[PDB]
Amino acid sequence: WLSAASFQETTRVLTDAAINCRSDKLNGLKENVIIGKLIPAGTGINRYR
Amino acid sequence: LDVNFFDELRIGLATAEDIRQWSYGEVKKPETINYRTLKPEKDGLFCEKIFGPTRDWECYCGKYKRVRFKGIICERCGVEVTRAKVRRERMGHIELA
Amino acid sequence: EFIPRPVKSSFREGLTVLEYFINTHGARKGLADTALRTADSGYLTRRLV
Amino acid sequence: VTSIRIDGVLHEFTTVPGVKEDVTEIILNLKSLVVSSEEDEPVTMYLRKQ
Amino acid sequence: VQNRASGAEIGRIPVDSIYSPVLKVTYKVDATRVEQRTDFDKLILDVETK
Amino acid sequence: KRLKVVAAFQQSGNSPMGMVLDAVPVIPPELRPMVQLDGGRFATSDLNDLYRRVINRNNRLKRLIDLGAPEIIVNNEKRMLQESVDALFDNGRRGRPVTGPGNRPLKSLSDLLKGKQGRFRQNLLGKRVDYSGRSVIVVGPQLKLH
Amino acid sequence: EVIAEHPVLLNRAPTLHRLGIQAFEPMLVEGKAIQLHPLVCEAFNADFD
Amino acid sequence: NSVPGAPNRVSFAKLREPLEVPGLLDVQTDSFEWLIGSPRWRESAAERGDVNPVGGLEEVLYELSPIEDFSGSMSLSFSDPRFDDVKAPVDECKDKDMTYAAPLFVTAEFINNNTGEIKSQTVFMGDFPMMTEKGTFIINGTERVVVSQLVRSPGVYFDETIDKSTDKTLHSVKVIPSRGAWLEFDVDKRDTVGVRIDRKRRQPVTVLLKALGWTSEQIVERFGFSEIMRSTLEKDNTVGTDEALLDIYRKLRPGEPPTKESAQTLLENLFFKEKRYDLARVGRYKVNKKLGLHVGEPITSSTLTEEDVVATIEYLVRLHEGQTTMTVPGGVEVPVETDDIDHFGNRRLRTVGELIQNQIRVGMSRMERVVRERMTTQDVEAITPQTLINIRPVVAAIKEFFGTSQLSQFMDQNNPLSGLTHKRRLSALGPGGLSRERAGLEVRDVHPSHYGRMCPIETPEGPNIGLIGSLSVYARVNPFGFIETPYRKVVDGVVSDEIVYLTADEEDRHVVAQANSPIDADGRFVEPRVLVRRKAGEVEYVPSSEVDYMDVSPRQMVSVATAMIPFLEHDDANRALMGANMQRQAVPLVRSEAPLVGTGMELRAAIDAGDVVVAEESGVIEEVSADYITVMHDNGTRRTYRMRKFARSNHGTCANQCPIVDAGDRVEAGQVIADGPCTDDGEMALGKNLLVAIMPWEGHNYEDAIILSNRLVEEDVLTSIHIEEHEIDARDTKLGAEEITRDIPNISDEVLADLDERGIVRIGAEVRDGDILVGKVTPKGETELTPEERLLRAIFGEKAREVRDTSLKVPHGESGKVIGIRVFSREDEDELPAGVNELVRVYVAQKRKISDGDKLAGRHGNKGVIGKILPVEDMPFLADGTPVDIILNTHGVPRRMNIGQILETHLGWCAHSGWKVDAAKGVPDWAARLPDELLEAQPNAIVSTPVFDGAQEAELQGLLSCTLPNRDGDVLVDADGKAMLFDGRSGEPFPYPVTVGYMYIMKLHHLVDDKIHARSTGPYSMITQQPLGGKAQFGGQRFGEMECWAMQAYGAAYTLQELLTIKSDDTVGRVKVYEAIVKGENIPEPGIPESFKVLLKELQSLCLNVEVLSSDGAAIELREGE
DNA sequence: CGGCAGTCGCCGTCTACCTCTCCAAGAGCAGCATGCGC
DNA sequence: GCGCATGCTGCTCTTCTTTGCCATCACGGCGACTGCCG
RNA sequence: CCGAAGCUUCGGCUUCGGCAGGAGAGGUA
Ligand SMILES: [Mg+2]
Ligand SMILES: [Zn+2]
C-alpha cells in the first residue's frame, strides 16, 4: 500500500487498505527510498555489501 | 533507532479505545494563545499540561527551572519538567457528546 | 489543408504582406502543440517507470 | 589619472549646481585626457573656474 | 581601486586608468620569389601614437 | 460487488464498528504552528479553525443536552456538529466548502496527503539538500573529458 | 590541494535518462560561470544560450 | 518628418502614405474619458452620432434608481455624479505611499408618497482612483496597468455537428445573455426537436409553445413546412396550455405541488422580466441583427420577447432543412448560416472603463439591498437620504478590484518600449474568460479575421502562447467593443483617398486588395491581376477591375515592436517572434546611440511612451542647467521643467533625464526638450553599433556562444547602473518602544565609524556584505529585581540593560555606494501606519560592466551568452590594423532562416563608410528607382528601411561597389562584402575572405551576477526540517523525483541514501557529520528521516492505526526519547 | 421482474529556477469615569 | 452632596445559506445508478 | 545551534539573548 498510495488515488487505496488490514514488507525500491534504507539493487544487494 | 531492524508496516481501522490510548489529555476550551502574556492557555489547543513545556526544563510556574529537576511533575501546575522537543510527538483528543 | 495558392518567393527575395500573413498559420500550430507534447510525454514516462 | 575629487560632491551619482553635465558625464569626458609624467610618485594638478 | 580598501576620505572618486600611449599598429610584407632560389622578404611597419 | 466488503470484515479480526466515532484525535501543536507575521499579528493556520469549530459545537451541544432542551433544537445542534466534523476530515466532499478571508476554501487534514503538492510526492520522494550550487554554463574547449 | 581528486556531480533539468547526471573533476577558473566540455552537450542536451 | 525638430533619416521607401498613425495610448485614455463623463468625450461624441451622450457612471446610477419597498410608500433615487480636485500630486503619492484619487459625490432624493414631502441632499461616496496622463494608476505608491480582456459577446449562436451512428447533420442553438438563464434548442437522432431550459432535462418545444399560450393549429399555421414539426406536435401529450405550464413547473422545481399561478410567476421571472435577465446593448443589437427583427428604432429595454423565440425556432428549422435565405414578418431578408465563435466579429473587447463599471455595479447592488432592507425597520419622519446609505460595500469592491486582481497588473519598467507594450495588450484570460489548463489548441490560432486588428507574431513563448496578444498600429475600438481598421475606397479601377473604418463582420462582403500593389500617377493598377482577400479569408488572383477596397499601408498588420525590425520580410516567423520579444528585455546604458540602420518607427515610439520632455508652447530658452530648463513664452509667461536624476524604476534600472538644448535656441511646440533612459536625441536607442565577423574561431563560439573584445570593457561601451532600496521600521512593544540610535552595547567601535549622530549611514559610504545600515535596539522591559541584588548591584552597579540588537544589514553578496536616505517621522505631521514611530529608506547603487555569462542579442533572433573576452591584440584585424569587436558563428544562420542579419551588416557597412553613385553617363540602370538624396551619403550616415517596403537586393549589391575609401586610398571590403583579415595570435593572413560589417547589439537583463549561488549549511524549515528554498533565504537545491531514477539506474545505493538522510532530514546525523569532517574521522551511519515520522502522525489523525512492527511483532516506539 | 440507456460524479493532465504584491473588519457587550441635575 | 446617565474603552467572539446569490468549468475514461420503458 | 559575558583545572561549566506559512501575476531553459 505504500507504493500504491504514492502513485495515484491516495484516498481510495488508503480506505481499502484500512478495511482489509494490509501489511507491507518493505522490499522494494520506492519503500526503501521512503523509509531511508539501502535500495535492493546495485551495490545494495547482499553479495556486494 | 535502526532502520535495519524494521520488518513490517501494518494499517487498519482505529477504535475509540486506541484514540483514548494515544492521547495524553483532553482539550476543552477553544482558546488558542494569550496575546498579552504570550503564554499558552489552560486546556486549550496549545496547553503545556497536555502537550509539553514550551521551554527546556521549565513549567508554567517558576518552581523548577534547572536541569537536575527532570522527571518531577509540578504539583501546582501539572507541567512535566522535560525537553521541549516532546511537543512534536504528543497528541490529545476531544470527547464528543 | 493545403491552400491552392503557393508562395512563389524565397526568403532571399522577401515575401509580400499576404504571403507572409498566410505563412504564419502553420508556424504557430507547431509552437502550440510542442508544449502539449512535452506535458503528454512526461505522464507516460511516469506511468511506465 | 587615477582619481579625482570635486568640492561639494560626495559621490559620482550627483549633479553640480550651474553645470550642464552630471559627474558621470564629466568623468567620461575626462577619460580622454592625454598627460605625460616623469616622477615615480603621484602628482596632483588643479582646476579652478567661475 | 576602491577607496575603502586604501584608507581615503568620502569625497574621493576612484577612476579607471589606461596607461597605453599607442594607438594603431599594422604591417605589410613584400616577398621576392624570383627563380634561381635567391629569395628574401621585406617588412614595413606603421606606428601611430597618442 | 457486496462480498468484497462483507468478507473483509470477516477474514480478519477487526470490527465494522470503527466507522462510527466517539472521540476525535488532535495533532501535536508543533505540526500546526502559529507564528508572528513580521512584527504584526497572526494570520490564520487553516487547521486551528476547523478544530475550533468542532470544539464550539461540542460545548454548545453538551450545555444544551444538560439543560432539558426540546428534541428539535438538540437534533439541529447534532446535525451541525456532524457537518463540522465532516468538514474537518474532508472539506468540500459534501455540500459547499468552508471558506475564510477572501472566499478562499479552507484546507483539511486529507488535503495535506493528496496531489502533486502533497506530502508523498513533494517531501518523501524528493527533497532539498545541503552542499549544492547553481550558475550559468559556458563552453570551455581547453578541458578534457573528465 | 583540498579539491584535488574530489569529484562533483553536474545535473541539468529535465533529467530524461541516465546521462543527465555525470561526475567530473573540478578545476578553478576565473569568472562566475561554469565551463563544460563540448562533447558532453549531446548527453546533457545543452546549448549555450 | 511631421515633428518640429528631428534627425534627418533618409528612407528607401517607394510608396506614399495617405494616413498618419494615431495616438499610441488612445485605447486606454478614451475608455476612462467615457467612464468619467468629462467634456472632452462629450464633444467627441457630439462630433458624430450625437444621440445619447450617456456617461459610464450615469447609466449605472440610472439603471439602479428608483429603489422601492414592498408596500410602495417611499422611494429613493440618484443622479448627477461629480468629482472634486485630486488631493495630492503624483509624486507626493508615489513618495509617501498613497493613492492618486479624487472624491466623488452624488445627489439623492427621498419621496414619501403617504405625505408628499421631498428631502434631497448631497452624499459622499468615497475616493475614486484616477488615471494619470500616461494611462497608469498609482495604487498604494506602486504604478499599475489595467489590461483589456477578450471575451465572447452575448447573442444567439447556431451550430452543426456530425452524427455518430446515422452520420448525418445535427443542429443546435444557444441564447447567451449578459446575466441570466440559458436556452438551448436542438435536433436529436430522430426528427424530434427539444428545449433545454436552465440547463436541465429535455422536453419537446411543443410544451414551451403551449406554455407561451399557443393553440395546436397555429403551429401548423406558421411552422407548416416540416415533418419534424408534425412529429413534435403529434407527440406532446400536453393538450391545453395549463398542462404545459404544470409540466414546465414540475421539470424545473423539484418536489413541489404544481400550481399554475406559481408556474406563470416562475416562467415570467426567468426571461421576460428586466430584473433577473439582461441581454445587454451588445446582446440586443446582435440578436436584432442576426434574426433580422425590427431595425431602425433606438434600443430601449433589454429583455427577451416571444417573437425572438419564434424567430429562433424558425431559423433553426430552416437551417436544418437547407434553405439559404429567410424572412420574418416585419423584418428584412437575412442569410441563413452557422457562425464561428472565434471570429473577431463575435469576440469583443472589455476595456478599462467596462472593467471598473462592473465592480461599481456590484457594490451598488449590495448597497441597494442594504437600503431596501433597512427602509422598513426605521421610524418615519426621521428618514433622510443620509441615514439609508452605506458606503462600505462600494469602497470594498473598488479596493478589491485595484488590488488582488488578475487584470490590474504590476507595471514593467525595464525600458520605455516595454512600458508602451504593456498598455496595448489584449488578454484572453481572467474572471470571465478562459484557463491556462482548459484552453485547447483552436483558441491559439491565427484566424483570417486578425488582419489589421491583432499582431500574428508578437506572443509569449511558454504556456501562454496565443493567449496574450498586441493591438496593431492602425486599429481602433467601436463604442460596442469591436476592433476596426481603415481602408481606401476604390471606384472604377481608380484608388481614391477616402478612408472608411470597417469591422471584421463588414469586410467579408467586399473584395480587399493588397498594400504592395503597383499604382500609377493617376491611380490605376499596373498589373492586370492583383492578389486580393475574398469572403472567408480566401486568397485569389482576380483582375484589377472588380476590387472595392485597398489597404492603407504595408505595416497595417504589425504591432509597435514588430515594426522596428529592419528586413523583416526576410526572416522566419519563429525567429522574428523571439526578436520582437527580446527587444523588451534590454537594459539602459550610461550612454546611448541610435541605430545606423533603422525603420522610422523609433521616433514616434519614444514620444508616445512619454519618457522624454516636450514643449507645450513656443519660445526661447532662457536658462539651462543639469536639472532644470526655463522657457520664456512669446506672451510673457515663463515655464520651468524639472528632471528626474538617477531615479529607480520598477525593475531596479536607472531612469535619468538630460537636456539637449542650448541657452539661446528657439523652441517650437512639440519639440523634444530633454532625453531619457533609452533615447538618443528623441529616438529610441536600445543597443550599440559593433564591427562583426562571421567565422568560426577555435571553438570558443561553439553552439551559440559569443566572443567579445576587451575594448568593450576598457571604454565603458556596455555598462549599466542598477539601484536597490532597503527599509526598516521602528515601532512600539508591549515591553517598551524600539528606538533607532548609534549606541549598541554588543558590537565594537570599528564597525560604527560610518554612522552619523542619528544612527543612519552617511551619504557616500561604500557598504559591503554584512555591513551596517541603521542601528536599532529593542527594550526587553523595565521591572524590579530581587531585594538582595538591590544592595549587591548598588555596591557593584546596576543599569537598565534591556536593550537587544536589531540592525538592518546589507544582504549576502551585495555592495555599492549610498546615494540617498528618506526618513519619515510621526511627530513632524507625516502619514504613518499606526503602531510605528519612524521610517527610513536607504538607496544603494552600483555600476556593472560586461563579463562572461552575460546575455547579448540582436533584432533578428540572435541570442547567446559571452564565452570569452579577448585582448585587442589577440583579435582578427583588417589590413590597416583595425580590430573587430565581436565574432559570430556561421553554422547557425542557414538552418534557422534568419538571413536579415547579413543584409543588415552589409547595409551597416555601407552606411558607416559612405558612398557616392556616379552619374556622368546618366543614372545607372540599377539606381533608376532610388531617390535623388540617396545617390550620395556622408560617413556615419543614418538610413531607414521600412518593414515591408525597403532596400532591394540589386540596390544593396550596387551600393556595395560604391563605398568611399579611408584615410589612405584603400577599399577594405570588396563588392561581395568580404575582406581579408590577419590572425592576431600567429600573424599569418586567413586564407579566404570573411564577411565584415556593422550590427546592432543589445544587452539583455539576464546577468550572471544575479544567478550564482552556493551553500554548505544554513537555515532549516519548521514542520519538515529540510533546508529552506530560494536564493534570498540561503536555500538548497531540489533533488526531485526524476533525479532519483537516474541514481537508481546507475546502481548508486550509497550516494542516494546519503543525499536523502544526512543532507536533508537526519537531525542527529547532520551535526555528527560536521564534527567528523572537521576532526578528520570517518563519516557516521545515517539514522531515520523526520518526514516519515511527520507522515505517520498525519496518518494517525485520520483515525488510522498505523504501526511499525519488528520481526516478531512487538511494535517499535519510533519516537527516540531514551 | 428485467433489461436499458442516459447521466452524473470522480480520476488525471513534465521538471528546475527568478522577480513583484497582498493575506477580516465592523459590530456588539459590558465596565467603568466624569458630567449634570435636584 | 449624592445618584443617574452616556460615551472612552477593555475585550472577546462572529461571520447563515431561501421563495437568494451566483457565474461558470475543458476533455477523455470508467463505473455505478437510477429513473424509465417494456 | 549562534553570539555576548564570567568561571575555567582547558575536559568543559554557568547567566542572558534569538526564527522561516499561503494566493495571484509576469518571466528564462
Ligand atoms: Mg538553450
Ligand atoms: Zn509549576
# chains A, B, ... in the order shown; residues from 1 in each chain; ligands from 1

$ interface_residues --of "chain C" --to "chain H" --cutoff "10 Å" --atoms "only C-alpha atoms" --output "ChimeraX atom specification"
/C:3-5,10-29,31-33,35-36,45-46,49

$ select_by_dssp --residues "range 1036-1066 of chain H" --states "helix (DSSP H, G or I)" --output "list in words"
residues 1041, 1042, 1043, 1044, 1045, 1046, 1047, 1048, 1049, 1050, 1053, 1054, 1055, 1056, 1057, 1058, 1059 and 1060 of chain H

$ residues_near_ligand --ligand "ligand 2" --cutoff "9 Å" --atoms "only C-alpha atoms (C1' of nucleotides) and all ligand atoms" --output "PyMOL selection string"
chain B and resi 58-64+73-81

$ residues_near_ligand --ligand "ligand 1" --cutoff "6 Å" --atoms "only C-alpha atoms (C1' of nucleotides) and all ligand atoms" --output "list in words"
residues 47, 48 and 49 of chain G; 29 of chain K

$ residues_around --residues "residue 40 in chain A" --least-positions-apart "3" --cutoff "8 Å" --atoms "only C-alpha atoms (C1' of nucleotides)" --output "list in words"
residues 27, 28, 29, 44 and 45 of chain A

$ write_last_selection --atoms "C-alpha atoms" --output "PDB file, in the first residue's frame"
ATOM      1  CA  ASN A  27      11.032  -4.945  -0.028  1.00  0.00           C
ATOM      2  CA  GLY A  28      11.030  -2.561  -2.990  1.00  0.00           C
ATOM      3  CA  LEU A  29      12.878   0.438  -4.353  1.00  0.00           C
ATOM      4  CA  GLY A  44      22.845  -2.504  -2.016  1.00  0.00           C
ATOM      5  CA  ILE A  45      22.485  -6.266  -2.518  1.00  0.00           C
TER       6      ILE A  45
END

$ interface_residues --of "chain J" --to "chain F" --cutoff "12 Å" --atoms "only C-alpha atoms (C1' of nucleotides)" --output "VMD selection string"
chain J and resid 13 to 17 32

$ write_last_selection --atoms "N, CA and C atoms (P, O5', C5', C4', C3', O3' and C1' of nucleotides)" --output "mmCIF file, in the first residue's frame"
data_model
loop_
_atom_site.group_PDB
_atom_site.id
_atom_site.type_symbol
_atom_site.label_atom_id
_atom_site.label_comp_id
_atom_site.auth_asym_id
_atom_site.auth_seq_id
_atom_site.Cartn_x
_atom_site.Cartn_y
_atom_site.Cartn_z
ATOM 1 P P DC J 13 -13.107 34.142 23.286
ATOM 2 O "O5'" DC J 13 -13.162 34.523 21.733
ATOM 3 C "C5'" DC J 13 -14.000 33.789 20.845
ATOM 4 C "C4'" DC J 13 -15.415 34.339 20.851
ATOM 5 C "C3'" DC J 13 -16.224 34.027 19.596
ATOM 6 O "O3'" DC J 13 -17.599 33.869 19.925
ATOM 7 C "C1'" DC J 13 -16.041 36.345 19.827
ATOM 8 P P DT J 14 -18.539 32.930 19.020
ATOM 9 O "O5'" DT J 14 -19.718 33.904 18.540
ATOM 10 C "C5'" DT J 14 -19.413 35.200 18.039
ATOM 11 C "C4'" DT J 14 -19.933 35.374 16.625
ATOM 12 C "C3'" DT J 14 -19.547 34.267 15.655
ATOM 13 O "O3'" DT J 14 -20.525 34.167 14.630
ATOM 14 C "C1'" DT J 14 -18.527 36.266 14.975
ATOM 15 P P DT J 15 -20.958 32.733 14.051
ATOM 16 O "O5'" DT J 15 -21.125 32.989 12.481
ATOM 17 C "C5'" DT J 15 -21.932 34.066 12.016
ATOM 18 C "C4'" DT J 15 -21.217 34.849 10.926
ATOM 19 C "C3'" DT J 15 -20.665 34.004 9.778
ATOM 20 O "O3'" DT J 15 -21.512 34.113 8.641
ATOM 21 C "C1'" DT J 15 -19.167 35.775 10.448
ATOM 22 P P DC J 16 -21.406 33.043 7.447
ATOM 23 O "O5'" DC J 16 -22.719 32.148 7.613
ATOM 24 C "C5'" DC J 16 -22.881 31.334 8.765
ATOM 25 C "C4'" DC J 16 -24.329 30.917 8.929
ATOM 26 C "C3'" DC J 16 -24.800 29.849 7.953
ATOM 27 O "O3'" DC J 16 -25.755 29.003 8.582
ATOM 28 C "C1'" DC J 16 -26.049 31.815 7.612
ATOM 29 P P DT J 17 -26.246 27.659 7.851
ATOM 30 O "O5'" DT J 17 -27.363 28.171 6.833
ATOM 31 C "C5'" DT J 17 -27.619 27.446 5.649
ATOM 32 C "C4'" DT J 17 -28.351 28.308 4.640
ATOM 33 C "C3'" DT J 17 -28.489 27.690 3.256
ATOM 34 O "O3'" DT J 17 -29.722 28.073 2.670
ATOM 35 C "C1'" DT J 17 -27.174 29.657 3.118
ATOM 36 P P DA J 32 -19.191 -0.658 -10.798
ATOM 37 O "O5'" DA J 32 -20.465 -0.040 -10.064
ATOM 38 C "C5'" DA J 32 -20.281 0.734 -8.895
ATOM 39 C "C4'" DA J 32 -21.157 1.971 -8.915
ATOM 40 C "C3'" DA J 32 -22.634 1.729 -8.615
ATOM 41 O "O3'" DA J 32 -23.117 2.792 -7.821
ATOM 42 C "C1'" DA J 32 -22.437 2.833 -10.660
#

$ atom_distance --atom1 "CA of residue 648 in chain H" --atom2 "CA of residue 726 in chain H"
12.5 Å

$ residues_around --residues "residue 7 in chain I" --least-positions-apart "5" --cutoff "12 Å" --atoms "only C-alpha atoms (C1' of nucleotides)" --output "JSON, numbers by chain"
{"H": [200, 201], "J": [31, 32, 33, 34, 35]}

$ write_last_selection --atoms "N, CA, C and O atoms (P, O5', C5', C4', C3', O3' and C1' of nucleotides)" --output "short mmCIF file (atom, residue, chain, number, x, y, z; two decimals), in the first residue's frame"
data_model
loop_
_atom_site.label_atom_id
_atom_site.label_comp_id
_atom_site.auth_asym_id
_atom_site.auth_seq_id
_atom_site.Cartn_x
_atom_site.Cartn_y
_atom_site.Cartn_z
N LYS H 200 -31.25 21.86 -17.71
CA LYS H 200 -31.77 20.69 -17.01
C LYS H 200 -32.79 19.97 -17.87
O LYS H 200 -33.68 20.60 -18.45
N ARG H 201 -32.66 18.64 -17.94
CA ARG H 201 -33.60 17.76 -18.62
C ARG H 201 -33.74 18.12 -20.10
O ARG H 201 -32.89 18.82 -20.65
P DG J 31 -14.17 0.30 -14.93
"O5'" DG J 31 -15.30 0.33 -13.81
"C5'" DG J 31 -15.16 1.24 -12.72
"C4'" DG J 31 -16.52 1.76 -12.29
"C3'" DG J 31 -17.66 0.75 -12.40
"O3'" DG J 31 -18.31 0.63 -11.15
"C1'" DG J 31 -18.29 2.84 -13.29
P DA J 32 -19.19 -0.66 -10.80
"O5'" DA J 32 -20.47 -0.04 -10.06
"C5'" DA J 32 -20.28 0.73 -8.90
"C4'" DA J 32 -21.16 1.97 -8.92
"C3'" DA J 32 -22.63 1.73 -8.62
"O3'" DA J 32 -23.12 2.79 -7.82
"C1'" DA J 32 -22.44 2.83 -10.66
P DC J 33 -24.25 2.54 -6.71
"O5'" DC J 33 -25.27 3.74 -6.95
"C5'" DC J 33 -25.08 4.62 -8.05
"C4'" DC J 33 -26.41 4.95 -8.70
"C3'" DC J 33 -27.55 4.00 -8.34
"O3'" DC J 33 -28.78 4.71 -8.31
"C1'" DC J 33 -27.31 4.04 -10.63
P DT J 34 -29.19 5.65 -7.08
"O5'" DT J 34 -29.86 6.91 -7.80
"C5'" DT J 34 -29.56 7.17 -9.17
"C4'" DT J 34 -30.80 6.98 -10.04
"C3'" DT J 34 -31.98 6.30 -9.34
"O3'" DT J 34 -33.18 6.98 -9.68
"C1'" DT J 34 -31.50 5.17 -11.33
P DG J 35 -34.48 6.88 -8.73
"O5'" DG J 35 -35.66 7.41 -9.66
"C5'" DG J 35 -35.53 8.66 -10.32
"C4'" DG J 35 -35.56 8.48 -11.83
"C3'" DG J 35 -36.94 8.18 -12.42
"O3'" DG J 35 -37.11 8.91 -13.63
"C1'" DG J 35 -35.42 6.51 -13.07
#

$ residues_around --residues "range 19-28 of chain I" --least-positions-apart "2" --cutoff "9 Å" --atoms "only C-alpha atoms (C1' of nucleotides)" --output "PDB file with C-alpha atoms (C1' of nucleotides), in the first residue's frame"
ATOM      1  CA  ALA F  43      -2.945  35.401  10.197  1.00  0.00           C
ATOM      2  CA  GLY F 100     -12.261  32.087   5.229  1.00  0.00           C
ATOM      3  CA  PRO F 101     -10.922  35.573   4.497  1.00  0.00           C
ATOM      4  CA  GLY F 102     -11.252  36.333   0.800  1.00  0.00           C
TER       5      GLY F 102
ATOM      6  CA  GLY H 403      -5.522  45.233  -5.511  1.00  0.00           C
ATOM      7  CA  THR H 404      -5.893  41.443  -5.586  1.00  0.00           C
ATOM      8  CA  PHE H 410       2.286  45.422 -11.864  1.00  0.00           C
ATOM      9  CA  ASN H 650      10.059  49.113 -11.033  1.00  0.00           C
ATOM     10  CA  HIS H 651      12.838  46.692 -12.039  1.00  0.00           C
TER      11      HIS H 651
ATOM     12  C1'   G K  22      -0.483  30.689   1.542  1.00  0.00           C
ATOM     13  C1'   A K  23      -2.795  33.117  -3.025  1.00  0.00           C
ATOM     14  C1'   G K  24      -2.201  35.766  -7.639  1.00  0.00           C
ATOM     15  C1'   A K  25       0.768  37.832 -11.886  1.00  0.00           C
ATOM     16  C1'   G K  26       4.996  38.014 -15.142  1.00  0.00           C
ATOM     17  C1'   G K  27       9.493  35.615 -17.000  1.00  0.00           C
TER      18        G K  27
END

$ residues_around --residues "residue 352 in chain H" --least-positions-apart "5" --cutoff "9 Å" --atoms "only C-alpha atoms (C1' of nucleotides)" --output "ChimeraX atom specification"
/H:28,31-32,35,146-149,357

$ residues_around --residues "range 24-37 of chain E" --least-positions-apart "4" --cutoff "8 Å" --atoms "only C-alpha atoms (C1' of nucleotides)" --output "count of residues only"
13

$ closest_residue --among "H:966, H:807, H:625, H:478" --to "residue 16 in chain D" --atoms "only C-alpha atoms"
H:625

$ atom_distance --atom1 "CA of residue 1000 in chain H" --atom2 "CA of residue 956 in chain H"
18.3 Å

$ closest_residue --among "E:5, E:21, E:38, E:10" --to "chain H" --atoms "only C-alpha atoms"
E:10

$ select_by_dssp --residues "range 33-143 of chain F" --states "strand (DSSP E)" --output "list in words"
residues 127, 128, 129, 132, 133, 134, 137, 138 and 139 of chain F

$ write_last_selection --atoms "C-alpha atoms" --output "JSON list (two decimals), in the first residue's frame"
[["chain", "number", "residue", "atom", "x", "y", "z"],
["F", 127, "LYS", "CA", 13.92, 16.74, -1.01],
["F", 128, "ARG", "CA", 16.18, 19.79, -0.80],
["F", 129, "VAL", "CA", 19.81, 19.14, 0.10],
["F", 132, "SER", "CA", 24.76, 22.39, -3.61],
["F", 133, "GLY", "CA", 25.05, 25.31, -6.01],
["F", 134, "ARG", "CA", 23.90, 26.77, -9.31],
["F", 137, "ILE", "CA", 27.20, 27.25, -18.01],
["F", 138, "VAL", "CA", 29.62, 28.32, -20.75],
["F", 139, "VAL", "CA", 31.82, 26.41, -23.19]]

$ interface_residues --of "chain G" --to "chain I" --cutoff "8 Å" --atoms "only C-alpha atoms (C1' of nucleotides)" --output "VMD selection string"
chain G and resid 13 to 15

$ interface_residues --of "chain H" --to "chain F" --cutoff "7 Å" --atoms "only C-alpha atoms" --output "ChimeraX atom specification"
/H:699-700,853,867,1008,1011-1017,1023,1026-1027,1036-1041,1059,1063-1064,1091,1101

$ atom_distance --atom1 "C1' of residue 19 in chain K" --atom2 "CA of residue 1020 in chain H"
9.8 Å
